[PDB]
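Before any questions on how it binds or moves, here is one chain, the form deposited in one PDB entry, in structure tokens.
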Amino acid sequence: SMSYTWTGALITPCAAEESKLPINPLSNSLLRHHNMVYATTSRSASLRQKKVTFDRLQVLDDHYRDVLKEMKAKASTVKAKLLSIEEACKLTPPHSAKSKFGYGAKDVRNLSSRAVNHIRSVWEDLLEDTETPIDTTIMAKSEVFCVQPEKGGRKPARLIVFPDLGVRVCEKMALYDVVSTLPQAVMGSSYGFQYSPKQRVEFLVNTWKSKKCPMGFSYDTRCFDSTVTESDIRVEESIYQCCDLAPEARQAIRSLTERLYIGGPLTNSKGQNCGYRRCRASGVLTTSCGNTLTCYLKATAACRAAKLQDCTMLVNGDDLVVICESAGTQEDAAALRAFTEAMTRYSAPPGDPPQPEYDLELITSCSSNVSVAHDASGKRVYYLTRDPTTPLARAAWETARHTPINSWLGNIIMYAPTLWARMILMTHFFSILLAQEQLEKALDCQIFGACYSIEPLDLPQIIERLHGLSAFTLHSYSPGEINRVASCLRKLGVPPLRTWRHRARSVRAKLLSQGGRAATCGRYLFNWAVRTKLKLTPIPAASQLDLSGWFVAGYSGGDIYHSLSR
């Protein structure tokens, strides 16, 4: 079973494609080495195709079946509701790809006559037609990175595969509630997306110390989406079907499984047939949930087969971290080898072989890792950090050119406590915002694949609820962390960290001398940069004004939007 068949037609771009940074003088002294920063394009689509096209052998054993049944039993607990056309319509992102049938995302959210009447047809057809493969578009995704340490080495583009907008709304009607409810109900504390980064670190540590002599590792599968088999996709549906479901929902889920989720024809932006998918589509609603369940399933079964002891996992789509209990250094080396054999049999082979780890801080997953600093009281605080190379490069790109997605806003939020977010990314972007006019203009950023509309004057209260008060008051970061950031600054040509302390005062001052929501941003955010720090007490609006829905589920590739928060 091949993940992909290709006809020969190209993955084409739909417009103009940017690949290098522009000669922009206030990307400037964010970053001067612009040769380092690039964006992926259609040109490298072929290279990705080769990487992502292969046969899939799958051998299921008693462990897999045993784990499946325990999952289904947990799933049998769930009752899932059918969404109405109006509710699914509201979940649609303002700049989601328009339909072939002469209407766009705007028309959907307005409940336009042409849009809801097409949507009803797609739904009715899901009921009348039970097997005809549903069309998708394949495209190259444009992502920014920093040139790889073997001389301008480069990641090729990712392929994004999605059905027409009308189908996307129907998926929401049938599977939105399911996808927001079932993963937690099945996987419990092992479901990553229920955790704020503060809750995430809290669960990591707690699990680590609950161990005699802990041992953890992270597992990376070689292009997970392609490893997912038609069997996997069906096993997945069998889990969904354990929910209490409306009869049309049940049919809709059944049809979407056979007509879309298991595979179907690929069409480029020119209308040409590119070939056929028999693996996971990156851009359907079920992609995160389905991946999270499928990764959790294969891994739990692989642990048992590998005879690892007191495995706890934390799963986030295809990102997988295991914290378990160590039988004596070449104990696990062997046990991981076994684990890897089992994952490989289940059709989930690794990228780089997994390595046992006996220091929590050295384990990296979700691109991130735990580090330690201290807050005013001097007490050791645990926080979640990351190599800043890709965020700092993306920040430079977003300065130089306009873009819907502002990942910088996202990294500030998610990595508020980190040294590099506070000194560089807050300082730089509040300066730009200050000088421009734009402190109130809400911006779109993504958390867990779902886009959010967010006002930058609400970071002090967002940061406080998601990270606590220590996020503004942390100071004596580890030598390892500080050395990563300093190193990353050299590689990119970002000015040294002491450079930013100077800049951060001016920005703080230009923003205390403004008052209001501005004012607050200068008190707590840039407190690290003043000479005799003032005493920061908890913000009022933080609690009884801001709201959930934020760390409930993973929605990557699922066309999901909340205009939640500010």
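One-based numbering along the sequence shown.
This next part talks about the form solved in complex with a small molecule, which is not shown.
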Only hit among 260, 78, 489, 443 for heavy atom within 4.5 Å of the small molecule in the bound PDB entry is 489
From 308, 423, 434, 459: within 4.5 Å of the small molecule in the bound PDB entry by heavy atoms is 423
Within 4.5 Å of the small molecule in the bound PDB entry, heavy atom basis, the matching stretch of 169 to 177, 121 to 129, 232 to 240, 475 to 483 is 475 to 483
Residue-level question: is residue 419 within 4.5 Å of the small molecule in the bound PDB entry, judged on heavy atoms?
yes
Is it the case that residue 528, even though its partner is missing from this view, gets within 4.5 Å of the small molecule in the bound PDB entry, heavy atoms only? yes
Is residue 497 close enough to touch the small molecule in the bound PDB entry, meaning at least one heavy atom pair within 4.5 Å?
-> yes
